[PDB]
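Coordinate analysis (summary)
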Amino acid sequence: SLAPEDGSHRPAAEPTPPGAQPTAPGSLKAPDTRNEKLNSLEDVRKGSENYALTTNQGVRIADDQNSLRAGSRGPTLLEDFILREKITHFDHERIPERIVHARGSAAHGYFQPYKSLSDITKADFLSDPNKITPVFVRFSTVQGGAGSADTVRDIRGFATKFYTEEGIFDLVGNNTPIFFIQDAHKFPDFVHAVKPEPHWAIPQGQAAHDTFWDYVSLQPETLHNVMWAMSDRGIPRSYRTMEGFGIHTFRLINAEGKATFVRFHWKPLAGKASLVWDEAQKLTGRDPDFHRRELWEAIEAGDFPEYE
Amino acid sequence: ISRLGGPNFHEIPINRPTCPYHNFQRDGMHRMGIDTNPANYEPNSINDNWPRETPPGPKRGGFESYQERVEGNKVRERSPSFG
Amino acid sequence: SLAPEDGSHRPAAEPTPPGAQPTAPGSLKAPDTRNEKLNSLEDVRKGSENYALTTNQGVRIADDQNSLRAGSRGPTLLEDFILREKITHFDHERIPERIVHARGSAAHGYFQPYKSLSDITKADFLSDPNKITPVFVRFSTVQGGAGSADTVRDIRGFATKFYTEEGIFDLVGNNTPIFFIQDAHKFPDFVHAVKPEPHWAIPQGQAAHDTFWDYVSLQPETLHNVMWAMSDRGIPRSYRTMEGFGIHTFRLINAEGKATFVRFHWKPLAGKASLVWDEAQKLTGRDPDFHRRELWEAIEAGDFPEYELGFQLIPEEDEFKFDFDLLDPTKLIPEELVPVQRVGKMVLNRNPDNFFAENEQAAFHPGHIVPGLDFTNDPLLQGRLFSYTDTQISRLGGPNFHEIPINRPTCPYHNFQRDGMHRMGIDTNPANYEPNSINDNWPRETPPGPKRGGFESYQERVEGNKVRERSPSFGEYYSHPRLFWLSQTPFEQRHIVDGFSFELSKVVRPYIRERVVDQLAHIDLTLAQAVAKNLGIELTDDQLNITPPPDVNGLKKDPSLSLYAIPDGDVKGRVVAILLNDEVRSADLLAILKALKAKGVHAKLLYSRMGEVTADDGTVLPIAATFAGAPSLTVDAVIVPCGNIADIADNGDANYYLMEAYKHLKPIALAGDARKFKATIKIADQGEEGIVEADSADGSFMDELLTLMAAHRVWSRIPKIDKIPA
Amino acid sequence: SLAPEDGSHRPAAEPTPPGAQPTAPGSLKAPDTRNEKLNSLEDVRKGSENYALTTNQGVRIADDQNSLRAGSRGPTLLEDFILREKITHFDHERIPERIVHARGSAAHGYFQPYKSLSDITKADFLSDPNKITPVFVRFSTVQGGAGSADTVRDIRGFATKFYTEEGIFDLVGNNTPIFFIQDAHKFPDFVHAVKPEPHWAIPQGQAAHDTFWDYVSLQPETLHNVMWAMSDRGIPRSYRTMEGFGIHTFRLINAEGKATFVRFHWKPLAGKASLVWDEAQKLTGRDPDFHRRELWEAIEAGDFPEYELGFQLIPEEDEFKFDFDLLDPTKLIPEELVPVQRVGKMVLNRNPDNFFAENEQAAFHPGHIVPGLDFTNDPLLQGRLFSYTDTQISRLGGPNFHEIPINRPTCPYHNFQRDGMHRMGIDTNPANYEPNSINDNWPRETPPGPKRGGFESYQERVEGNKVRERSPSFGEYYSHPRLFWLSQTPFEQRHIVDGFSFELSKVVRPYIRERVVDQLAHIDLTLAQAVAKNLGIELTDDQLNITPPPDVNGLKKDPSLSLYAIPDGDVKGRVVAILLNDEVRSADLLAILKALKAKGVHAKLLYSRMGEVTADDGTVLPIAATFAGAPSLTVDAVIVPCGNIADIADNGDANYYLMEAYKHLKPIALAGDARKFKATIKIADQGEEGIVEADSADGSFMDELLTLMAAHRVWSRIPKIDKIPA
Ligand code: HDD
Ligand code: HEM
Ligand code: HEM
């Protein structure tokens, strides 16, 4: 057996402070934490302990250390279906990353309203203070790829999937209450201007380059969210310590048919806090996964991110 | 890979085995199974090396190829016995 | 018309030093640099100036600022085909990144052999010194995604596509001469163990985590390439200052049909040079595109990356004459036993036009060989031959990826393959099968021969039973690591120890650190003890008594395994920071800049703000960057000229600039009153090796600093740095 | 060399009649047929003769007959990269077929206007009669897969891509003037109902099943195009002999900004002609490629498909002048009320080179318009505009499908869109956004204008609340089906009854059949009673009393809606079977072939075996096919010359040949002793209209037969066919 006899390979399935134990998959760290969405995923959760290693067709593998060859120093044979299934799977692991907000970190949780809002909306998830709606939230940066660093200067995404009884509602917001542009027709122009420049694909995770400021200087509608991005709002301490906003005015529709305009906000119950630039930029070198790590470890510790 | 969209085509319901299947393959387009194994590699100590290889045997053993003897040069040639 | 009237928006189309001009697409920066591949790409290059903005169907657009709506505050209409084409194209811009080596930087260039190699290989590209072969090279890291940082600790990829008259040959190598594992069947396990862990996808660009060292502790075959990654080999200064290796033994086949075993080498003509860990790690935050940038700008400056191709040649009769199996990719062949024979030179002299189109979509695969070359039974090579065609089906969207322009052969290609997604070629052959009579059987097979013949595999004898079994000859894990260790300088050894120590300190499960230290005790007791002491681990009496592994064919060391043991310094293309003040001695700055220019060394003039400063004699000096904007991490040396030093003497950033350069072993030169900075770095009155100081920047000041730059870093300063708070 | 000595493997590069030579890629059959689009495709056309067989990487192959194995009866080796590339390409040849119109046949041609239309449209392709616009046209069925049969009963598609100097305009039409449904939201429902049913995926290429009629019976808006589909419009003779229609009201916009409503028409210059149902269905089994073959061979013969483009023009102020809504795509505009102005001619004169590269990957989309045209609020058109861009993402693999050679514009296209799968174009623009200064804002927007201006939408007034609601003006379903019914000849009406009767007989659930008959009773009592009688259904007293719908703007009928009402038959390009015997009267054959040659009518010489027969005077006559091999289904008329009639007189296949042609209303001509055959088809001694007979085949016998052929079929024969057992 390869495990240490003392059982120290395996984290305790109890809340523990950051660094006290290795981190682990949620269903193993906190098996008793449930909600209707988490439970519903049980049909596709796959364990591992006590099970035989197999191909994807269910055939048990005797030797997962060697290719099939003609003699032990000989060539690899095409009939080795075990090798080829495993390498084919590996060769096709990657899928396209998101065009924007490719870098992001997510968790499961639940929402409930403080009081019924039926006078202003007929939305079921807001109709009953004792009706809980599971959520899944992803926080993100905007410009960099899925392997870029967390503590860059950027706007942050704050997207919430509410699994309601009358359908999925996605509240797809950012951490500032405005956007850079007015019309969606301009989004590819703006995004191309902020993203790495097309000849050399530099810089990653940074608006600090000519094409971005060229666009800004020519489109003053950008200046408001640019002020936000250049403030310390651009470098949050944690996803737990920033605000969220839906940005757009939407409508609420009540049972009588009345429409009210609404803008959505998330208030971090941990308070608002940001880094300072020199610290943020050095942290992208010393720990490019710092917000991802901090969120995961707050949840393992019981320091659950809460927002109003 | 092109016909059925990627390397998880054994997860399409009609293709699924009815017997157990467990291994360290991960990801791919349309991935349905959510693996909880702390390890996605072997040998590993962090999951006590599960899921584990199984020696060949009379029943419920691991797959081992018949040790047929191979002898000759590397050739692109039809056997004369086929002509 | 939004361009400035002076025309300063547009870089000069001539070579210019890093930072002098905005960078630009290759064909606009260097329109006259040509080769046969670059020319063949003309049919797909698209300009822009003076053309109308259109949809992809060619319809001119009037208003590219607004969606079509019902009233100027009304809803957007579905009939806006111009918006929907534009957003649909944006929505589908991304393709899957490469499964490994997703982060990489590429350039065009050309190769030429020094002499004909007809005696040992019938490969056409090696047949004539006057035959020039265009190349495209991509250098990469291995673990991180395409958005990850350049100066991580990792192995680096060095992949060259040779567009030959007899087909594409891709030499897909790394910057170390061995790999971590012996059999391709283990590749997904190894890569999963080094990549970010699957529950939380941490850490990016780092092997410093539990699952990597878990796998290493359990698979001793990995130790040799791990030693190399923990050395300063794992943190190269530039793609221009690392070696390249094809790792596997391949075969060369000549026209008489004789096979010779060959391993491929690239020697960097710029010399071998690496960063130190602290500097590398901090640089991944201050400039995560440092190697990509450095490669692009070298080429824009005319400091073309040059490498020499070399072969280690072993006669077929000598296959079994070494202590290690030639087919085992975890074993190197020491240059003391089999020298590298110089074969030709590659020069990278033009950047791409569009990174996505040329870099991101380029497909290299080591199965792409040409007549004159052949494979061996190396069991890692054998599985690679399967993977690189398979993975392009998803990455590049189908089986026609060879028709993507960068991947196209420049020589003829004709066959009976048809259709597939994104099929470009319109075949007019009446037949799509052979044998056929309806097209008189064209295109036709070609017998093998000495020049322009069909590919035939060398007829190696195979004899054995069908087995999944590792050859016993591969079952030795510690001698090569020990040979590597013993070949390093003492400062290199210290850096190896610090590498293992830093990496293992990130492993949360202490038993894994213990199990790795045990493996190190099988290699070398000094190494194991020094790592153990840093991790607070005491070796047992058993561990202290492990007998060392045997020498490699009698070798106790091989200096070609060291980055620095044999000086090979080249300053051209390096860069110096010049820390200005508001009244610089112009005489100093004249002497400094011209001496650097004479040796092809670049300078960046730094200050506490942007804009200009005025020298003592009124010369207006443009500032490249601030002290914090272009940290010492990004230069090779630091010069502080005389002038009004009290202007910067109290500047925290200027002092910290020197303390960082000092800690990272860079040469520092102080002229005149700049010597007041000696107290910042705690230099004695009588001075010290590695600090150049004089009353002015004249006489031998610049020659001394250049002599330091040629030795790359001031290794003798290492004992002096542990105490500095930087 | 495998080609035969005599060179008979290669077809002559000159026009030849159907069956004279093997068919070939268009650029080989007709190398001098040129247009600007065909010329622009030269960069991707690939030859074959005299080239070596290679991998896709350019490596010459020595042995394309064997895998690499260890021993000649040993296992195949993974290092065989030639076998793997070749099999990998093959394993990925297929792409998704089109969701609808998967079955289609396509050709290149050109269009030219008859006059400048600048008074009504600024569209550049319509601006001058000397403006030639290349086209590529694809004709299709709707329901069946790409491998289903051509002569099914279905609507046909007629899609034309105009490669204009101001962008690609696609006119994506059908062969009937209305569609089945009013709002695009219902398209997946209607298409699911007509397609094979989801449990068992039956039936292919047929609407004759429960779910189609269930939908029709529940959605009376469908009834108008259902009438057309059940008429002989549903079974055309050839894509050359059907009409096309854009269906939707679009807008033309002139240089002054005035909008005129337009519906588009294609008038076949070969005339309108359809099969009869038994002939069509049998022909799906005897030659499922009949229409694809006919189109290819017409073009190989020089019988180019020609169509006149026509516009119905309604002024903006006449929007509400009709008793139907101009925006309702279930309503036609009768030509009696709004005539078709003939505006230009399109000639299809060259086949593709490669069916997959040019036909299967062609992408047509009605949203592809150019300045000078504009959409309307027709709610079926509005939804189409979304679908044709979206569907290409999966069918053609990503957003760069406009770079697939057949889809590329021949005019300039420049914009800021980048990347995506299989990106061909390598952009050199420093900028990939606008506004930009770094490329002086190029490529630049262009204001709208009279010529070469950017696209601006016509500023139609929109006033209403956001609703999901059908316009009350669309709520009339029976008056156009009735106008269609009353405009048909009595034989056309019989064929409609028979189409409904046959299809509803295949509906298993009888209440569906009843519900459909109830709908017919709202259209026309005669039609309803005739169908009901064939189904064993009796109309109720209430159904017999349904008030007929009203006339359409005082129209009783419109003969332009009939295929046959107004003579317009052309015999050029048609085909006659000649049934030979072993001793043919050569005098007969000379006269027949001469008369046919003068009128451009082709012949096929048929016998009971292949090879040749010898005529009375020793002329050797090559046989094209047997009686069973090329059934009468495939020809327009049958001639039986004199000679040794005893040779074939008791040939079952020869007798059946004439019975089948007779049943399908085809002209038959019998010379001298060939009149023995009158007994098989029961013809009275003094003759019958539609059967040409004479002592021999002089010039007077041929003129009669050619006159019958200009009338297409012998409709007076219908009451005689019920008796013949064929
Ligand atoms: C069985 C799988 C396997 C094994 C054992 C290896 N590789 Fe690999 N490698 C791949 C499977 C692979 C791959 C999945 O096919 C990649 C990723 C995407 C691609 O096009 O190739 C790849 C990419 C890749 C690249 C990036 C090429 C580029 O810039 O596009 C380099 C430089 C290498 N590899 C070099 C090596 C060396 C020197 C190896 C050992 C001697 C090695 N690989 C073993
Ligand atoms: C109002 C300012 C905007 C905000 C706050 C916003 C918010 C977001 C967020 C939070 C995500 C990440 C969701 C996740 O976690 O996966 C996202 C992804 C995306 N956004 Fe929006 N966005 C805005 C503007 C836009 C505009 C105008 C467009 C289109 C024109 C757009 C197109 C996309 C695309 C294509 C993705 C990738 C989605 C995926 O791949 O699943 N963004 N955006
Ligand atoms: C007016 C009634 C309609 C007519 C006459 C019509 C005509 C056509 C024609 C002729 C084609 C084939 C073009 C070719 O040769 O490649 C086509 C394809 C298609 N149509 Fe339309 N259509 C109609 C309604 C619709 C609507 C309402 C939708 C969407 C709601 C639609 C979605 C499509 C799709 C998805 C394809 C396949 C196109 C491709 O894959 O490239 N059709 N239709």
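Residues numbered from 1 in each chain as written, not as in the entry; some residues may be left out. Chains lettered and ligands numbered in written order. Part of a larger assembly, values for the part shown. Heavy atoms only, no water.

For this coordinate set, the PDB header names X-ray crystallography as the determination method and states a resolution of 1.7000 Å.

Section: the overall build of chain C
Along its length, chain C carries 20 helices and 21 strands. The C-alpha radius of gyration of chain C comes to 28 Å, within 12% of the 27 Å expected for a compact globule of 726 residues. The principal-axis extent of the C-alpha atoms belonging to chain C is close to 90 × 85 × 55 Å. Taking all 726 residues of chain C together, the buried fraction comes to 68%. Intrachain contacts of chain C at a sequence separation of at least 6 include 73% that bridge at least 24 residues. Of the accessible surface of chain C, which amounts to about 23,900 Å², a share of 51% is contributed by carbon and sulfur atoms. (Helix = DSSP H or I, 4+ residues; strand = E, 2+ residues; numbered from the N terminus. Rg over C-alpha atoms; globule rule 2.2 N^0.38 Å. Buried < 20%, exposed > 50% of the residue type's maximum accessible area, 1.4 Å probe, protein only. Contact = heavy atoms within 4.5 Å. Areas by Shrake-Rupley, 256 points an atom, 1.4 Å probe, with all protein chains shown as cover.)

So, the site of ligand 3
Residues and elements named next belong to chain D. Not every one of the 23 residues close to ligand 3 is listed here, only the nearest: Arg98, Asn174, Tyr388, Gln392 and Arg395. In the environment of ligand 3, a nitrogen atom lies 3.4 Å from a nitrogen or oxygen atom belonging to the side chain of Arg384. A distance of 2.7 Å is found between an oxygen atom of ligand 3 and a side-chain nitrogen or oxygen belonging to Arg395. Breaking the shell around ligand 3 down by element, the ones donating at least two residues are β5 (157-164), β6 (167-174) and α10 (379-395). Examining the composition of the shell around ligand 3, we find that seven residues originate from one element, α10, more than from any other. Residues of the shell around ligand 3, tallied by class, amount to eleven nonpolar, eight polar and four charged. (Near = heavy atom within 4 Å. Polar contact = N/O pair within 3.5 Å; in protein donor to acceptor, adjacent residues only side chain to side chain. Nonpolar A, V, L, I, M, F, W, Y, C, P; charged D, E, K, R; others polar.)

Observations concerning the UniProt feature "active site" in chain A
Residue and element names in this part refer to chain A. Mapped onto the present numbering, the UniProt feature "active site" falls on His101 and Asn174. Look at the named residues: they lie 74 residues apart in sequence, but the longest C-alpha span between them is just 10.4 Å, so in the fold they bunch up. Along the chain, the position of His101 falls in the loop between α3 (81-91) and β3 (104-111). Once you skip the residues sitting within four places of it in the chain, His101 turns out to touch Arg138, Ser140, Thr141, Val142, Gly157 and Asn174. Relative to the elements of secondary structure, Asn174 occurs in strand β6 (residues 167-174). Classification of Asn174 by relative accessible area gives buried; the value is 7%. Not counting residues within four places of it along the chain, the set of residues in contact with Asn174 comprises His101, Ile155, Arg156, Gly157, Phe158, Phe179, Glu243, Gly244, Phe245 and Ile247. (UniProt positions renumbered as here; feature names shortened; annotations may be inferred.)

Quick notes on the coordination of the iron atom of ligand 3
For a metal with four tetrahedral donors the ideal donor-metal-donor angle is 109.5 degrees, while six octahedral donors give ideal angles of 90 or 180 degrees. The protein gives the iron atom of ligand 3 a lone donor atom, D:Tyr388 (OH), placed 1.7 Å from the metal. With respect to the element layout, D:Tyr388 can be found in helix α10. (Donors = N, O, S within 2.8 Å, 3.2 Å for Na, K, Ca; no water.)

Side note on the site of ligand 2
Residue and element names in this part refer to chain A. Near ligand 2 there are 16 residues, and of these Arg98, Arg138, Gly173, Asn174 and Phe179 occur at the shortest range. The separation between an oxygen atom of ligand 2 and a polar side-chain atom of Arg138 is 3.1 Å. The set of elements that each furnish at least two residues to the shell around ligand 2 consists of β5 (157-164) and β6. Per-class residue counts for the shell around ligand 2 are eight nonpolar, five polar and three charged.

Looking at the UniProt feature "binding site: heme" in chain C
What UniProt calls "binding site: heme" maps, in this numbering, to C:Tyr388. Apart from residues no more than four positions distant in its own chain, C:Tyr388 is found in contact with C:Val172, C:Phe364, C:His365 and C:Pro366.

Examining the side chain of C:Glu660
Tracing the sequence through the fold places C:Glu660 in helix α18 (residues 652-663). Leave out the neighbours within four places in its chain, and C:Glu660 touches C:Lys282, C:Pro631, C:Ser632 and C:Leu633.

Describing the sheet that holds strand β21 (residues 691-694) of chain C
Backbone-to-backbone hydrogen bonds join strands into a sheet, with any given pair of strands oriented parallel or antiparallel. Residues and elements named next belong to chain C. Taking strand neighbours across the sheet as the criterion, the six strands line up as β18-β15-β14-β19-β20-β21 in an open arrangement whose pairing is parallel. Lying at the two open borders of the sheet, with one neighbouring strand each, are β18 (625-626) and β21. In terms of strand pairing, strand β15 (residues 602-607) meets β18 through two bridges, oriented parallel. Looking across to β18, one finds that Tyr607 is bridged to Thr626. In the packing of helix α19 (residues 701-710) onto the sheet, the strands contacted are β14 (575-579), β19 (637-640), β20 (668-671) and β21, and the crossing angle to β21 comes to about 180 degrees. (Pairing = 2+ DSSP bridges. Axes fitted to C-alpha atoms, helices over the stretch in contact; angles between N-to-C directions.)

So, the nonpolar core
Residues C:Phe212, C:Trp213, C:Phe500, C:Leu527 and C:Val531 are the most contacted members of the largest nonpolar core, which totals 70 residues. Residue contributions to this core reach at least three from each of two domains, namely domain 1 (24-409) and domain 2 (469-572) of chain C. (Core = buried A, V, L, I, M, F, W, Y, C linked by side-chain atoms within 4.5 Å. Domains from an automatic or database assignment.)

Details of a negative patch on the surface
Residue and element names in this part refer to chain C. Residues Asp582, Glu583, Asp616 and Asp617 make up a contiguous surface patch of negative charge. For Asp582, the position within the fold is in the loop between β14 and α16 (586-599). Classification of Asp582 by relative accessible area gives partly exposed; the value is 35%. (Patch = residues over 30% accessible without salt bridge, like charges linked within 9 Å, V, L, I, M, F, W, Y side chains within 5 Å. Salt bridge = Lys/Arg side-chain N within 4 Å of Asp/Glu carboxyl O. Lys, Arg positive; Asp, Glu negative; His and termini not counted. Charge placed at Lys NZ, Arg CZ, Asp CG, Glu CD.)

A look at the relation of the copies chain D and chain C
In summary, the two copies of the chain are related to each other by a rotation about an axis coupled with a shift along it. Between chain D and chain C, the superposition needs a rotation of 180 degrees and an axial shift of 0.0 Å, giving an RMSD of 0.2 Å. Classification of the inter-copy transformation places it as that of a two-fold axis. (Least-squares fit on C-alpha atoms.)

As for the sheet that holds strand β2 (residues 69-70) of chain D
The strand order across the open sheet formed by four strands is β2(A)-β13(C)-β2(B)-β2(D), and the pairing between neighbours is antiparallel. Since the sheet does not close on itself, it has two edges, and those belong to β2 (69-70) of chain A together with β2 of chain D, each with one partner. Here strand β2 (residues 69-75) of chain B pairs with strand β13 (residues 461-467) of chain C via five bridges, running antiparallel. Bridge pairing links B:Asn73 to C:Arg461 in β13(C).

Things to note about the interface of chain D and chain C
Taken together, the contact between chain D and chain C spans 126 residues of the former and 125 residues of the latter. Together, the buried faces of chain D and chain C total about 11,200 Å²; carbon and sulfur atoms form 57% of this surface. By the criterion of area lost to chain C, the three top residues of chain D are D:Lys46, D:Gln57 and D:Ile426, representing 8% of everything that side buries. With its nearest N and O atoms 4.0 Å apart, the salt bridge here joins D:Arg94 to C:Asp419. Put simply, the parts of the chain that give the side of chain D that touches chain C at least two residues each are α1 (26-29), β1 (45-46), α3 (81-91), β6, α9 (355-360), α10 and β13 (426-427) of chain D. Looking at the side of chain D that touches chain C, the element that brings in the most residues is α10(D), giving eight residues. Residue classes in the side of chain D that touches chain C are distributed as 51 nonpolar, 46 polar and 29 charged. As paired elements, strand β12 (residues 426-427) of chain C and β1(D) share two bridges and run parallel to each other. (Buried area = accessible area lost by both parts, 1.4 Å probe.)

Quick word on the interface of chain C and chain A
It is common to give the size of an interface as the accessible area that goes away when the parts come together. At the junction of the two partners, chain C supplies 91 residues and chain A supplies 80 residues. Carbon and sulfur atoms make up 54% of the surface buried where chain C meets chain A, a total of about 7,700 Å² over both sides. Where chain C meets chain A, there are ten salt bridges. Across the salt bridge formed by C:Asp325 and A:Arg73, the nearest N and O atoms sit 2.8 Å from each other. Scanning the region where chain C abuts chain A turns up 49 residue pairs in polar contact. For the side of chain C that touches chain A, the elements supplying multiple residues, two or more each, are α3 (81-91), α4 (187-194), α7 (277-286), α8 (290-301), α10 (379-395), β13 and α13 (510-521) of chain C. Among the residues forming the side of chain C that touches chain A, the class breakdown is 33 nonpolar, 26 polar and 32 charged. As judged from the two bridges shared by β2(A) and β13(C), these two strands associate in the antiparallel manner. Directly across from A:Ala70, in β13(C), lies its bridge partner C:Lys466.

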